[PDB]
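Engineer: Sharing start_20.csv here; it has CSV, C-alpha atoms.
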```csv
chain,number,residue,atom,x,y,z
A,1,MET,CA,14.7,2.7,-7.4
A,2,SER,CA,15.7,-0.3,-9.5
A,3,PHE,CA,13.9,-3.6,-8.7
A,4,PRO,CA,15.6,-6.9,-9.4
A,5,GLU,CA,13.9,-10.1,-10.3
A,6,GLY,CA,12.6,-12.3,-7.5
A,7,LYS,CA,15.2,-15.0,-8.1
A,8,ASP,CA,17.8,-12.3,-7.4
A,9,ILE,CA,16.1,-11.3,-4.1
A,10,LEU,CA,15.7,-14.8,-2.6
A,11,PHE,CA,18.7,-17.1,-1.7
A,12,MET,CA,18.0,-20.3,-3.6
A,13,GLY,CA,19.6,-23.7,-3.3
A,14,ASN,CA,20.2,-26.4,-0.7
A,15,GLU,CA,23.1,-24.6,0.9
A,16,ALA,CA,21.1,-21.4,1.4
A,17,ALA,CA,18.3,-23.5,3.0
A,18,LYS,CA,20.7,-25.2,5.4
A,19,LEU,CA,22.3,-21.9,6.4
A,20,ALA,CA,19.0,-20.4,7.4
A,21,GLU,CA,17.9,-23.5,9.2
A,22,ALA,CA,21.1,-23.6,11.2
A,23,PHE,CA,20.8,-19.9,12.2
A,24,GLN,CA,17.2,-20.5,13.3
A,25,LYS,CA,18.3,-23.5,15.4
A,26,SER,CA,21.0,-21.4,17.1
A,27,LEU,CA,18.3,-19.1,18.4
A,28,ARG,CA,16.9,-22.1,20.4
B,30,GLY,CA,-27.3,7.6,-11.0
B,31,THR,CA,-24.7,9.3,-8.7
B,32,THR,CA,-23.6,12.9,-9.2
B,33,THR,CA,-20.7,15.1,-7.9
B,34,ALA,CA,-19.7,18.8,-8.1
B,35,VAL,CA,-17.3,20.3,-10.6
B,36,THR,CA,-16.6,24.0,-10.9
B,37,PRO,CA,-16.0,25.8,-14.2
B,38,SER,CA,-12.7,27.6,-14.7
B,39,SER,CA,-14.6,30.9,-14.9
B,40,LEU,CA,-15.1,30.7,-11.1
B,41,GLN,CA,-11.4,30.0,-10.3
B,42,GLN,CA,-11.2,33.3,-8.3
B,43,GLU,CA,-14.3,32.6,-6.3
B,44,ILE,CA,-13.3,29.1,-5.3
B,45,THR,CA,-9.9,30.4,-4.4
B,46,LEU,CA,-11.5,32.8,-2.0
B,47,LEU,CA,-13.6,30.0,-0.5
B,48,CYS,CA,-10.5,27.9,0.1
B,49,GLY,CA,-8.9,30.9,1.8
B,50,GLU,CA,-11.9,31.5,3.9
B,51,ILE,CA,-11.6,27.9,5.3
B,52,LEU,CA,-8.0,28.6,6.4
B,53,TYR,CA,-8.6,32.1,7.5
B,54,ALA,CA,-11.1,31.6,10.3
B,55,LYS,CA,-11.8,29.2,13.2
B,56,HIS,CA,-14.8,27.3,11.9
B,57,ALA,CA,-17.1,24.9,13.8
B,58,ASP,CA,-17.5,22.4,10.9
B,59,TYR,CA,-15.0,21.5,8.2
B,60,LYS,CA,-17.1,18.7,6.6
B,61,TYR,CA,-16.9,19.9,3.0
B,62,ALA,CA,-13.4,21.5,3.2
B,63,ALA,CA,-12.0,18.6,1.1
B,64,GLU,CA,-14.7,19.0,-1.5
B,65,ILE,CA,-13.8,22.7,-1.9
B,66,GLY,CA,-10.2,21.7,-2.5
B,67,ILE,CA,-11.4,19.3,-5.2
B,68,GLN,CA,-13.5,22.2,-6.7
B,69,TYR,CA,-10.3,24.1,-7.1
B,70,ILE,CA,-8.7,21.2,-8.9
B,71,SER,CA,-11.6,21.1,-11.2
B,72,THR,CA,-11.1,24.8,-12.2
B,73,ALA,CA,-7.4,23.9,-12.8
B,74,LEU,CA,-8.1,21.0,-15.0
B,75,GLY,CA,-11.4,22.0,-16.5
B,76,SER,CA,-14.8,20.7,-15.7
B,77,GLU,CA,-15.2,18.5,-18.8
B,78,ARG,CA,-11.7,17.0,-18.4
B,79,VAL,CA,-12.8,16.1,-14.9
B,80,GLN,CA,-15.8,14.2,-16.2
B,81,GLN,CA,-13.4,12.3,-18.6
B,82,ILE,CA,-11.1,11.4,-15.7
B,83,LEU,CA,-13.9,10.1,-13.5
B,84,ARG,CA,-15.3,8.1,-16.4
B,85,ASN,CA,-11.9,6.6,-17.1
B,86,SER,CA,-11.4,5.7,-13.5
B,87,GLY,CA,-14.3,3.3,-14.0
B,88,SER,CA,-17.0,5.6,-12.4
B,89,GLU,CA,-20.3,6.4,-13.9
B,90,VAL,CA,-20.6,9.5,-11.7
B,91,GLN,CA,-22.0,12.6,-13.6
B,92,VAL,CA,-20.5,16.0,-12.9
B,93,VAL,CA,-22.8,18.9,-12.0
B,94,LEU,CA,-21.5,22.5,-12.5
B,95,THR,CA,-21.2,25.1,-9.7
B,96,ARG,CA,-23.4,28.2,-10.1
B,97,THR,CA,-23.5,31.6,-8.4
B,98,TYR,CA,-26.3,33.4,-6.5
B,99,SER,CA,-26.6,36.5,-4.3
B,100,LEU,CA,-28.1,36.8,-0.8
B,112,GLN,CA,-22.1,36.6,-4.3
B,113,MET,CA,-22.1,33.0,-3.2
B,114,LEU,CA,-21.1,29.7,-4.9
B,115,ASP,CA,-23.9,27.0,-5.2
B,116,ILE,CA,-21.9,23.8,-5.1
B,117,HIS,CA,-23.7,20.6,-6.0
B,118,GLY,CA,-23.9,18.2,-3.0
B,119,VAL,CA,-22.5,20.9,-0.6
B,120,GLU,CA,-25.2,22.4,1.7
B,121,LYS,CA,-25.7,26.1,1.0
B,122,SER,CA,-25.9,26.7,4.8
B,123,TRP,CA,-22.3,25.4,5.1
B,124,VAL,CA,-20.9,27.6,2.3
B,125,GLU,CA,-22.8,30.6,3.6
B,126,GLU,CA,-21.6,30.0,7.2
B,127,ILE,CA,-17.9,29.6,6.2
B,128,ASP,CA,-18.1,32.8,4.3
B,129,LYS,CA,-20.0,34.6,7.1
B,130,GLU,CA,-17.5,33.6,9.8
B,131,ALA,CA,-14.5,34.5,7.5
B,132,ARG,CA,-15.9,37.9,6.7
B,133,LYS,CA,-16.7,38.6,10.3
B,134,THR,CA,-13.2,37.6,11.3
B,135,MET,CA,-11.7,39.8,8.5
B,136,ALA,CA,-13.8,42.8,9.5
B,137,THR,CA,-12.6,42.5,13.1
B,138,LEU,CA,-8.9,42.0,12.2
B,139,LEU,CA,-8.9,44.6,9.5
B,140,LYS,CA,-10.2,47.2,11.9
B,141,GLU,CA,-7.6,46.2,14.6
B,142,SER,CA,-4.9,46.7,12.0
B,143,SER,CA,-6.3,49.9,10.8
B,144,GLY,CA,-7.0,48.5,7.3
B,145,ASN,CA,-3.4,47.4,6.8
B,146,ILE,CA,-3.1,43.6,6.4
B,147,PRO,CA,-0.6,42.0,4.0
B,148,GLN,CA,-2.0,40.1,1.1
B,149,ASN,CA,-0.4,36.8,2.1
B,150,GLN,CA,-2.5,36.8,5.4
B,151,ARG,CA,-5.8,37.2,3.6
B,152,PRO,CA,-8.2,34.6,2.3
B,153,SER,CA,-7.8,35.8,-1.3
B,154,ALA,CA,-4.1,34.9,-1.4
B,155,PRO,CA,-3.7,32.8,-4.5
B,156,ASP,CA,-1.9,29.9,-2.8
B,157,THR,CA,-4.7,29.3,-0.2
B,158,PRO,CA,-6.1,26.5,-2.4
B,159,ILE,CA,-2.7,25.0,-2.8
B,160,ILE,CA,-2.1,25.2,1.0
B,161,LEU,CA,-5.5,23.5,1.6
B,162,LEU,CA,-4.6,20.8,-1.0
B,163,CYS,CA,-1.2,20.2,0.8
B,164,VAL,CA,-3.2,18.9,3.7
B,165,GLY,CA,-5.1,16.8,1.2
B,166,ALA,CA,-1.8,15.6,-0.3
B,167,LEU,CA,-0.5,14.3,3.0
B,168,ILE,CA,-3.8,12.3,3.5
B,169,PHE,CA,-3.4,11.1,-0.1
B,170,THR,CA,0.1,9.8,0.5
B,171,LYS,CA,-1.0,8.2,3.8
B,172,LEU,CA,-3.7,6.4,1.8
B,173,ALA,CA,-1.2,5.4,-0.9
B,174,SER,CA,1.0,3.5,1.6
B,175,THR,CA,0.7,-0.2,2.2
B,176,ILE,CA,1.9,0.6,5.7
B,177,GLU,CA,-0.9,1.6,8.1
B,178,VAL,CA,-0.5,4.7,10.2
B,179,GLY,CA,-2.9,6.5,12.4
B,180,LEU,CA,-4.5,9.8,11.3
B,181,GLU,CA,-3.1,11.6,14.3
B,182,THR,CA,0.4,10.6,13.1
B,183,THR,CA,-0.2,12.2,9.7
B,184,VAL,CA,-1.7,15.3,11.5
B,185,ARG,CA,1.5,15.7,13.5
B,186,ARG,CA,3.4,15.6,10.2
B,187,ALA,CA,1.1,18.2,8.7
B,188,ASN,CA,1.9,20.5,11.6
B,189,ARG,CA,5.6,20.4,10.9
B,190,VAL,CA,5.3,20.5,7.1
B,191,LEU,CA,2.9,23.4,7.1
B,192,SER,CA,4.6,25.4,9.9
B,193,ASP,CA,5.2,28.4,7.6
B,194,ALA,CA,1.5,28.3,6.4
B,195,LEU,CA,0.5,28.3,10.1
B,196,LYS,CA,2.3,31.5,10.7
B,197,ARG,CA,0.3,33.2,7.9
B,198,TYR,CA,-2.9,31.4,8.9
B,199,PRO,CA,-2.8,30.8,12.6
B,200,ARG,CA,-6.5,29.9,12.8
B,201,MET,CA,-6.0,27.1,10.2
B,202,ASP,CA,-7.5,23.9,11.7
B,203,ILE,CA,-5.3,21.2,10.3
B,204,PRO,CA,-6.8,18.2,12.2
B,205,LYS,CA,-10.3,19.0,11.0
B,206,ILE,CA,-9.2,19.8,7.5
B,207,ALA,CA,-7.2,16.5,7.5
B,208,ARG,CA,-10.3,14.5,8.6
B,209,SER,CA,-12.3,16.1,5.8
B,210,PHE,CA,-9.9,14.8,3.2
B,211,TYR,CA,-9.6,11.5,4.9
B,212,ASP,CA,-13.4,11.1,4.7
B,213,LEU,CA,-13.6,12.3,1.0
B,214,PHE,CA,-11.1,9.8,-0.3
B,215,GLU,CA,-12.9,7.0,1.6
B,216,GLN,CA,-16.3,8.0,0.3
B,217,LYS,CA,-15.6,9.3,-3.2
B,218,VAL,CA,-13.0,6.8,-4.4
B,219,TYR,CA,-13.0,8.3,-7.9
B,220,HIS,CA,-11.5,11.5,-6.5
B,221,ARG,CA,-8.3,9.6,-5.8
B,222,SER,CA,-7.9,9.4,-9.6
B,223,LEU,CA,-8.7,13.1,-10.0
B,224,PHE,CA,-6.0,13.9,-7.3
B,225,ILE,CA,-3.5,11.8,-9.3
B,226,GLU,CA,-4.2,13.7,-12.5
B,227,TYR,CA,-3.8,17.0,-10.7
B,228,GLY,CA,-0.5,16.0,-9.1
B,229,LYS,CA,0.8,14.8,-12.4
B,230,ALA,CA,-0.4,18.0,-14.0
B,231,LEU,CA,1.1,20.3,-11.4
B,232,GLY,CA,4.3,18.3,-11.4
B,233,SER,CA,4.7,19.4,-15.0
B,234,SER,CA,3.4,23.0,-14.8
B,235,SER,CA,4.8,24.1,-11.3
B,236,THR,CA,6.3,27.6,-11.3
B,237,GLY,CA,8.5,26.4,-8.5
B,238,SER,CA,6.7,28.6,-5.9
B,239,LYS,CA,6.8,27.5,-2.3
B,240,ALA,CA,3.3,26.2,-2.1
B,241,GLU,CA,3.4,24.3,-5.4
B,242,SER,CA,6.8,22.8,-4.6
B,243,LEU,CA,5.5,21.5,-1.3
B,244,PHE,CA,2.5,20.0,-2.9
B,245,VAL,CA,4.5,18.3,-5.6
B,246,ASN,CA,7.0,17.0,-3.1
B,247,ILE,CA,4.3,15.4,-1.0
B,248,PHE,CA,2.3,14.1,-3.9
B,249,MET,CA,5.4,12.5,-5.5
B,250,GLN,CA,5.9,10.4,-2.3
B,251,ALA,CA,2.7,8.4,-3.1
B,252,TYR,CA,4.5,6.2,-5.7
B,253,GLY,CA,7.2,5.1,-3.2
B,254,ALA,CA,4.6,4.7,-0.4
B,255,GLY,CA,2.7,2.2,-2.5
B,256,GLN,CA,5.9,0.2,-3.2
B,257,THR,CA,7.2,0.3,0.5
B,258,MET,CA,7.1,-3.4,1.2
B,259,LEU,CA,8.7,-4.3,-2.2
B,260,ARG,CA,11.5,-1.8,-1.5
B,261,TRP,CA,11.9,-3.3,2.0
B,262,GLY,CA,12.3,-6.6,0.2
B,263,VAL,CA,15.2,-5.4,-1.9
B,264,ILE,CA,16.7,-3.9,1.3
B,265,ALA,CA,16.5,-7.4,2.9
B,266,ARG,CA,18.6,-8.8,0.1
B,267,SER,CA,21.1,-5.8,0.2
B,268,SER,CA,21.3,-6.6,3.9
B,269,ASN,CA,22.1,-10.2,3.0
B,270,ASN,CA,19.5,-11.5,5.4
B,271,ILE,CA,20.2,-15.2,5.3
B,272,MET,CA,16.6,-16.0,6.2
B,273,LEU,CA,15.8,-15.1,2.6
B,274,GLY,CA,17.2,-18.6,2.0
B,275,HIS,CA,14.8,-20.5,4.3
B,276,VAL,CA,13.0,-23.4,2.5
B,277,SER,CA,9.6,-22.0,3.0
B,278,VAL,CA,10.7,-18.7,1.5
B,279,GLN,CA,12.4,-20.4,-1.5
B,280,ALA,CA,9.1,-22.2,-2.1
B,281,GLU,CA,7.4,-18.8,-2.8
B,282,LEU,CA,9.8,-18.0,-5.6
B,283,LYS,CA,7.0,-17.9,-8.3
B,284,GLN,CA,4.9,-15.6,-6.2
B,285,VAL,CA,7.9,-13.4,-5.3
B,286,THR,CA,8.6,-13.3,-9.0
B,287,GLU,CA,5.0,-12.3,-9.8
B,288,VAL,CA,5.3,-9.4,-7.3
B,289,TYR,CA,8.6,-8.0,-8.7
B,290,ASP,CA,7.5,-8.6,-12.3
B,291,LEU,CA,4.6,-6.2,-11.6
B,292,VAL,CA,6.8,-3.3,-10.5
B,293,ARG,CA,9.5,-4.0,-13.1
B,294,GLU,CA,7.0,-3.9,-16.0
B,295,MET,CA,4.8,-1.1,-14.8
B,296,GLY,CA,7.4,1.2,-13.3
B,297,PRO,CA,6.5,3.7,-10.6
B,298,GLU,CA,2.8,3.9,-11.6
B,299,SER,CA,2.5,0.5,-10.0
B,300,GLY,CA,2.9,2.2,-6.6
B,301,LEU,CA,-0.6,3.7,-7.1
B,302,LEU,CA,-2.4,0.3,-7.5
B,303,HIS,CA,-3.1,0.1,-3.7
B,304,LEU,CA,-4.6,3.6,-3.7
B,305,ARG,CA,-6.6,2.9,-6.8
B,306,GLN,CA,-7.9,-0.4,-5.3
B,307,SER,CA,-6.7,-2.3,-8.4
B,308,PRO,CA,-7.3,-6.1,-8.5
B,309,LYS,CA,-3.5,-6.5,-8.4
B,310,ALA,CA,-3.1,-4.4,-5.3
B,311,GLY,CA,-2.5,-7.4,-3.0
B,312,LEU,CA,0.8,-8.0,-4.7
B,313,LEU,CA,2.1,-4.7,-3.3
B,314,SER,CA,1.3,-6.0,0.2
B,315,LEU,CA,3.0,-9.3,-0.6
B,316,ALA,CA,-0.3,-11.1,0.0
B,317,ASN,CA,0.6,-14.2,-1.9
B,318,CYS,CA,4.1,-14.7,-0.4
B,319,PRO,CA,3.6,-14.6,3.5
B,320,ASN,CA,6.9,-16.2,4.4
B,321,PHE,CA,8.9,-13.8,2.3
B,322,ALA,CA,6.9,-11.0,3.8
B,323,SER,CA,7.8,-12.1,7.3
B,324,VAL,CA,11.5,-12.1,6.5
B,325,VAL,CA,11.2,-8.7,4.8
B,326,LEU,CA,9.4,-7.2,7.8
B,327,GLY,CA,11.7,-8.9,10.3
B,328,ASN,CA,14.8,-7.5,8.5
B,329,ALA,CA,13.3,-4.0,8.5
B,330,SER,CA,12.6,-4.3,12.2
B,331,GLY,CA,16.2,-5.5,12.9
B,332,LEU,CA,17.7,-2.6,11.0
B,333,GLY,CA,15.5,-0.2,12.9
B,334,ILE,CA,13.6,1.2,9.9
B,335,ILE,CA,10.2,-0.4,10.4
B,336,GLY,CA,8.8,2.4,12.6
B,337,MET,CA,5.6,1.6,14.4
B,338,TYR,CA,4.4,-1.3,12.3
B,339,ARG,CA,1.0,-2.5,13.4
B,340,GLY,CA,0.3,-4.7,10.4
B,341,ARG,CA,0.2,-8.4,9.9
B,342,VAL,CA,3.3,-10.6,10.5
B,343,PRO,CA,2.3,-13.9,8.8
B,344,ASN,CA,5.1,-16.1,10.2
B,345,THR,CA,6.3,-14.9,13.6
B,346,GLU,CA,9.2,-17.4,13.9
B,347,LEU,CA,10.6,-16.3,10.5
B,348,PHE,CA,10.1,-12.6,11.4
B,349,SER,CA,12.0,-13.1,14.7
B,350,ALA,CA,14.8,-15.0,13.0
B,351,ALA,CA,15.1,-12.4,10.3
B,352,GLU,CA,15.0,-9.7,12.9
B,353,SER,CA,17.7,-11.3,15.0
B,354,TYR,CA,20.0,-11.7,12.0
B,355,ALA,CA,19.6,-8.1,10.8
B,356,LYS,CA,20.2,-6.9,14.3
B,357,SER,CA,23.4,-8.8,14.8
B,358,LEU,CA,24.8,-7.5,11.5
B,359,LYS,CA,23.7,-4.0,12.5
B,360,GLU,CA,25.4,-4.2,16.0
B,361,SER,CA,28.6,-5.4,14.4
B,362,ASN,CA,28.5,-2.5,11.8
B,363,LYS,CA,28.2,-4.9,8.9
B,364,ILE,CA,25.3,-3.1,7.3
B,365,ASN,CA,26.0,-0.8,4.4
B,366,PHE,CA,23.3,1.7,5.1
B,367,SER,CA,24.3,4.0,2.2
B,368,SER,CA,23.7,1.3,-0.3
B,369,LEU,CA,20.3,0.2,1.0
B,370,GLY,CA,18.0,2.8,-0.7
B,371,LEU,CA,16.5,4.0,2.6
B,372,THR,CA,14.3,7.0,2.8
B,373,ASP,CA,15.8,9.9,4.8
B,374,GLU,CA,13.4,9.2,7.7
B,375,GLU,CA,14.4,5.5,7.7
B,376,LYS,CA,18.1,6.5,7.7
B,377,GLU,CA,17.5,8.8,10.6
B,378,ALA,CA,15.6,6.1,12.5
B,379,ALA,CA,18.2,3.4,11.9
B,380,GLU,CA,21.4,5.5,12.5
B,381,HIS,CA,20.2,8.5,14.4
B,382,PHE,CA,22.0,11.0,12.1
B,383,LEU,CA,21.4,12.1,8.5
```
So that I can check it, write out the structure of this file as structure tokens.

Structural biologist:
Amino acid sequence: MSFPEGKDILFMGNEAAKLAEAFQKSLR
Amino acid sequence: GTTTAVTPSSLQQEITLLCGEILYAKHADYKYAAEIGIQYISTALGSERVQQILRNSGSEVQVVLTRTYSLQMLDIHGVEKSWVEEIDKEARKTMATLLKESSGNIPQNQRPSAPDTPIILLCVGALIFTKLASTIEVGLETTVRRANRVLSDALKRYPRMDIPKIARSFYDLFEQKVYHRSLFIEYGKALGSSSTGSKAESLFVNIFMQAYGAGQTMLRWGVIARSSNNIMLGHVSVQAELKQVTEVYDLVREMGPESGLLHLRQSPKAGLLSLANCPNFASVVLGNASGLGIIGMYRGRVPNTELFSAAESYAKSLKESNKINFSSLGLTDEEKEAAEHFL
């Protein structure tokens, strides 16, 4: 089992934030 | 100060017999069964090496050597003589009765003196130990059910073995004598290296070796969430935890598999293994696991239920459209079976 760095696990950036926000919104 | 039993290597055969006697008969009370298992470990590693190990675990407990007496019995420090004598009496009574019914003809591997009886006993202990190592809470009865399958072959040889009561004895010992977790680690490491590859040793080592991964479960699930491309890993409240998520994975990266034991050892850094400082990340990690169908019966905390549900929905939709690469995730076999219903 090879663990990556935290920055390679999270999706960083404005675009990634907007994507997650939109999906959450679609769930009502 | 506090004291605990060790048993000299010169009494290895006698402690072996006592372990066998625990398995061999239906006993009323198994309170000290786990301690007898520990005594076998002490003969394996050496009593003075045990004192070193305990000292190094941060304990000032002083070891007290087992002696013998005749009514030949073992006098084990902190173990009531009435208990040892009653285990022995009940085993010997059972053996006399069964020996006569079989006209004196009983195979060695059904007797309490069989050399793998301490290892069998310790396999029950090993299952409790790996239960303890996990950052995921499970009920004792669940572990007992697992012991029944794992030790099915031992149960054919020893059909009076009381797994639930033996299991409870190890459960209590690891809760009450925390330093014996460190002793168990050294035995498992030692046996991993010296194993003859016998059935009993192989089983013990295979159970014991699972403790490292068990401690890392939530971090491994975290990697799985990324390999699943769960987009909730991009939520602003999760991105904000980047330094904490970094601290968590820096820990396992730098330490290697040994870091998996920090939970078991009650180390100051154990909280990292349960993602204690990054609750939003944890919620997405757990939700993703739930959505994939690998989370089992999780009764633990879900810090952010909205994030959990979103992460769960997303994983679930990828799964239902066959857009999850289950081979590439790094699932355990049991997780694979749970998620896909084939192995």

Engineer: Pull out every residue of chain A that has at least one atom within 7 Å of chain B, counting only C-alpha atoms, and report them as an MDAnalysis selection string.

Structural biologist: chainID A and resid 3 5:7 9:12 16:17 20:21 24

Engineer: What does the file look like for those residues with C-alpha atoms, as a PDB file, keeping the file's coordinate frame?

Structural biologist:
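And here is the file that came out, again_0.pdb:
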```
ATOM      1  CA  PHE A   3      13.900  -3.600  -8.700  1.00  0.00           C
ATOM      2  CA  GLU A   5      13.900 -10.100 -10.300  1.00  0.00           C
ATOM      3  CA  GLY A   6      12.600 -12.300  -7.500  1.00  0.00           C
ATOM      4  CA  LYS A   7      15.200 -15.000  -8.100  1.00  0.00           C
ATOM      5  CA  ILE A   9      16.100 -11.300  -4.100  1.00  0.00           C
ATOM      6  CA  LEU A  10      15.700 -14.800  -2.600  1.00  0.00           C
ATOM      7  CA  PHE A  11      18.700 -17.100  -1.700  1.00  0.00           C
ATOM      8  CA  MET A  12      18.000 -20.300  -3.600  1.00  0.00           C
ATOM      9  CA  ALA A  16      21.100 -21.400   1.400  1.00  0.00           C
ATOM     10  CA  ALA A  17      18.300 -23.500   3.000  1.00  0.00           C
ATOM     11  CA  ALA A  20      19.000 -20.400   7.400  1.00  0.00           C
ATOM     12  CA  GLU A  21      17.900 -23.500   9.200  1.00  0.00           C
ATOM     13  CA  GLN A  24      17.200 -20.500  13.300  1.00  0.00           C
TER      14      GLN A  24
END
```

Engineer: In Å, how far is it from CA of residue 301 in chain B to CA of residue 330 in chain B?

Structural biologist: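 Rounded to one decimal, the two atoms are 24.7 Å apart.
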
Engineer: So how many Å separate CA of residue 69 in chain B and CA of residue 134 in chain B, to one decimal?

Structural biologist: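 Interatomic distance here is 23.0 Å.
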
Engineer: Measuring atom to atom with only C-alpha atoms, identify which of B:119, B:364, B:57, B:230 is nearest to residue 71 in chain B.

Structural biologist: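 Distance minimum relative to residue 71 in chain B lands on B:230.
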
Engineer: For the atom pair CA of residue 256 in chain B and CA of residue 365 in chain B, what is the interatomic distance in Å to one decimal place?

Structural biologist: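 Going from CA of residue 256 in chain B over to CA of residue 365 in chain B covers 21.5 Å.
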
Engineer: Taking 3 positions as the minimum chain separation for residues in the same chain, which residues sit within 9 Å of residue 338 in chain B when counting only C-alpha atoms? Answer as a list in words.

Structural biologist: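 That gives residues 176, 177, 178, 326, 330, 335 and 341 of chain B.
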
Engineer: For the residues selected in the previous step, produce a file with C-alpha atoms as an mmCIF file, in the coordinates of the input.

Structural biologist:
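Writing the result to selection_14.cif gives the following:
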```
data_model
loop_
_atom_site.group_PDB
_atom_site.id
_atom_site.type_symbol
_atom_site.label_atom_id
_atom_site.label_comp_id
_atom_site.auth_asym_id
_atom_site.auth_seq_id
_atom_site.Cartn_x
_atom_site.Cartn_y
_atom_site.Cartn_z
ATOM 1 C CA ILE B 176 1.900 0.600 5.700
ATOM 2 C CA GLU B 177 -0.900 1.600 8.100
ATOM 3 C CA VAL B 178 -0.500 4.700 10.200
ATOM 4 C CA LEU B 326 9.400 -7.200 7.800
ATOM 5 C CA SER B 330 12.600 -4.300 12.200
ATOM 6 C CA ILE B 335 10.200 -0.400 10.400
ATOM 7 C CA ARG B 341 0.200 -8.400 9.900
#
```

Engineer: Take the point (-8.0, 24.5, 1.3) in the file's coordinates, draw a sphere of radius 8 Å around it, and report as number ranges by chain every protein, DNA or RNA residue with an atom inside or on it, counting all atoms listed in the file.

Structural biologist: B: 48-49, 51-52, 62-63, 65-66, 157-162, 164, 206

Engineer: Just write the chosen residues, C-alpha atoms, as a compact mmCIF listing (two decimals), keeping the file's coordinate frame.

Structural biologist:
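Produced file out37.txt, reproduced below:
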```
# COMPACT_ATOMS: atom_id res chain seq x y z
CA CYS B 48 -10.50 27.90 0.10
CA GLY B 49 -8.90 30.90 1.80
CA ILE B 51 -11.60 27.90 5.30
CA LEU B 52 -8.00 28.60 6.40
CA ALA B 62 -13.40 21.50 3.20
CA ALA B 63 -12.00 18.60 1.10
CA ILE B 65 -13.80 22.70 -1.90
CA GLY B 66 -10.20 21.70 -2.50
CA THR B 157 -4.70 29.30 -0.20
CA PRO B 158 -6.10 26.50 -2.40
CA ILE B 159 -2.70 25.00 -2.80
CA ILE B 160 -2.10 25.20 1.00
CA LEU B 161 -5.50 23.50 1.60
CA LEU B 162 -4.60 20.80 -1.00
CA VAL B 164 -3.20 18.90 3.70
CA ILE B 206 -9.20 19.80 7.50
```

Engineer: Would you be able to write out as a ChimeraX atom specification which residues have an atom within 10 Å of (2.8, -3.4, -1.8) in the file's coordinates, counting only C-alpha atoms?

Structural biologist: /B:173-176,253-261,288,292,299-303,309-316

Engineer: With C-alpha atoms retained, could you export that selection as a tab-separated table (two decimals), in the frame of the given file?

Structural biologist:
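Okay, out14.tsv is ready:
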```tsv
chain	number	residue	atom	x	y	z
B	173	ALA	CA	-1.20	5.40	-0.90
B	174	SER	CA	1.00	3.50	1.60
B	175	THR	CA	0.70	-0.20	2.20
B	176	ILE	CA	1.90	0.60	5.70
B	253	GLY	CA	7.20	5.10	-3.20
B	254	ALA	CA	4.60	4.70	-0.40
B	255	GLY	CA	2.70	2.20	-2.50
B	256	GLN	CA	5.90	0.20	-3.20
B	257	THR	CA	7.20	0.30	0.50
B	258	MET	CA	7.10	-3.40	1.20
B	259	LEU	CA	8.70	-4.30	-2.20
B	260	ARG	CA	11.50	-1.80	-1.50
B	261	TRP	CA	11.90	-3.30	2.00
B	288	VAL	CA	5.30	-9.40	-7.30
B	292	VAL	CA	6.80	-3.30	-10.50
B	299	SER	CA	2.50	0.50	-10.00
B	300	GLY	CA	2.90	2.20	-6.60
B	301	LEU	CA	-0.60	3.70	-7.10
B	302	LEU	CA	-2.40	0.30	-7.50
B	303	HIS	CA	-3.10	0.10	-3.70
B	309	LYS	CA	-3.50	-6.50	-8.40
B	310	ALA	CA	-3.10	-4.40	-5.30
B	311	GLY	CA	-2.50	-7.40	-3.00
B	312	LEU	CA	0.80	-8.00	-4.70
B	313	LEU	CA	2.10	-4.70	-3.30
B	314	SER	CA	1.30	-6.00	0.20
B	315	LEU	CA	3.00	-9.30	-0.60
B	316	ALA	CA	-0.30	-11.10	0.00
```

Engineer: Skip residue 352 in chain B itself and residues of its chain fewer than 4 positions away, then list as a PyMOL selection string all residues within 8 Å of it, counting all atoms listed in the file.

Structural biologist: chain B and resi 324+326-332+348+356

Engineer: Here is a test: counting all atoms listed in the file, which residue of B:166, B:182, B:337, B:151 is nearest to residue 139 in chain B?

Structural biologist: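 The shortest atom-to-atom distance to residue 139 in chain B comes from B:151.
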
Engineer: I need the residue nearest residue 208 in chain B from this list: B:322, B:355, B:74, B:184. Use only C-alpha atoms for the distance.

Structural biologist: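 Under the stated criterion, the closest residue is B:184.
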
Engineer: Leaving out residue 380 in chain B and any residue of its chain fewer than 3 positions from it, which residues lie within 9 Å of it when counting all atoms listed in the file, given as a list in words?

Structural biologist: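 In the requested format, the answer is residues 333, 366, 375, 376, 377 and 383 of chain B.
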